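Peer 1: Before I ask anything, here is the structure I am working with.
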Number of protein chains: 2
Amino acid sequence: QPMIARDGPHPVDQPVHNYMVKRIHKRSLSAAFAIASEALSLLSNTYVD
Amino acid sequence: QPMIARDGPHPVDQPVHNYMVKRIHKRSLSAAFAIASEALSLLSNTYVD
């Protein structure tokens, strides 16, 4: 931060430095996907049908 | 229909498919047309007049 030079019945000011630390926040996403029993019976054949 | 993926205390979602069936409806159009008897006698002389 900057600083102003003044006079009179005021204390002399000094330059000030600030330090900040922020942290991450974790979230997620989810989506389902279904398949039926007839489709599973039709898909698992392995070169027979 | 589309899907939105979300988190938190929400159950996970799966997309939907909709099947609809419509059937036809039968209408008509009718218009009348009259011919006088003397006109029918004139048009059907059969090679006399």
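FYI, nothing fancy with the structure tokens labels: chains A, B, ... in order, residues from 1 per chain, ligands from 1 as they appear.
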Please tabulate, as a tab-separated table, the residues of chain A that come within 7 Å of chain B, each with its closest pair of atoms and the distance in Å to one decimal, counting only C-alpha atoms and ordering rows by chain, then residue number upward.
Peer 2:
residue	atom	partner	partner_atom	distance
A:28	CA	B:7	CA	5.8
A:29	CA	B:6	CA	5.3
A:30	CA	B:5	CA	5.3
A:31	CA	B:5	CA	5.2
A:32	CA	B:14	CA	5.1
A:33	CA	B:14	CA	5.6
A:34	CA	B:14	CA	7.0
Peer 1: Let me see the file: selected residues, N, CA and C atoms, as a CSV table (one decimal), in the first residue's frame.
Peer 2:
chain,number,residue,atom,x,y,z
A,28,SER,N,-17.8,-32.0,-6.9
A,28,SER,CA,-17.9,-33.2,-7.7
A,28,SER,C,-19.0,-33.0,-8.7
A,29,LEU,N,-19.1,-34.0,-9.7
A,29,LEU,CA,-20.2,-34.1,-10.6
A,29,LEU,C,-20.5,-35.6,-10.7
A,30,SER,N,-21.8,-35.9,-10.9
A,30,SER,CA,-22.2,-37.3,-11.0
A,30,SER,C,-23.4,-37.4,-12.0
A,31,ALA,N,-23.4,-38.5,-12.8
A,31,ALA,CA,-24.4,-38.8,-13.7
A,31,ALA,C,-24.5,-40.3,-13.9
A,32,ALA,N,-25.7,-40.8,-13.9
A,32,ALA,CA,-25.9,-42.2,-14.0
A,32,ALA,C,-26.2,-42.6,-15.5
A,33,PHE,N,-26.1,-44.0,-15.7
A,33,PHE,CA,-26.3,-44.5,-17.0
A,33,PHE,C,-26.7,-46.0,-16.8
A,34,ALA,N,-27.9,-46.3,-17.2
A,34,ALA,CA,-28.5,-47.7,-17.0
A,34,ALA,C,-28.5,-48.5,-18.2
Peer 1: I'd like to know which residues of chain A are alpha helix (DSSP H) (by DSSP, run on the backbone); could you write them as an NGL selection string?
Peer 2: :A and (37-43)
Peer 1: Kindly export the residues of the current selection with N, CA and C atoms, as a compact mmCIF listing (two decimals), in the first residue's frame.
Peer 2:
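For reference, out.txt as written:
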# COMPACT_ATOMS: atom_id res chain seq x y z
N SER A 37 -31.65 -55.78 -18.48
CA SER A 37 -31.21 -57.17 -18.42
C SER A 37 -31.25 -57.83 -19.80
N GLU A 38 -32.25 -57.47 -20.61
CA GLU A 38 -32.35 -58.02 -21.96
C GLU A 38 -31.18 -57.57 -22.83
N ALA A 39 -30.76 -56.31 -22.68
CA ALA A 39 -29.61 -55.82 -23.41
C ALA A 39 -28.32 -56.51 -22.97
N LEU A 40 -28.18 -56.77 -21.67
CA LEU A 40 -27.01 -57.48 -21.17
C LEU A 40 -26.99 -58.93 -21.65
N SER A 41 -28.16 -59.55 -21.77
CA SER A 41 -28.22 -60.89 -22.33
C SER A 41 -27.90 -60.88 -23.83
N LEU A 42 -28.29 -59.82 -24.53
CA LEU A 42 -28.01 -59.71 -25.95
C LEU A 42 -26.57 -59.32 -26.26
N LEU A 43 -25.85 -58.74 -25.29
CA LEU A 43 -24.51 -58.24 -25.56
C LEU A 43 -23.40 -59.22 -25.19
Peer 1: One decimal, Å: what's the distance from atom CA of residue B:47 over to atom CA of residue B:35, could you say?
Peer 2: 21.0 Å
Peer 1: Could you please determine the separation between atom CA of residue B:1 and atom CA of residue A:44 in Å, to one decimal place?
Peer 2: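 Between atom CA of residue B:1 and atom CA of residue A:44 the gap works out to 28.3 Å.
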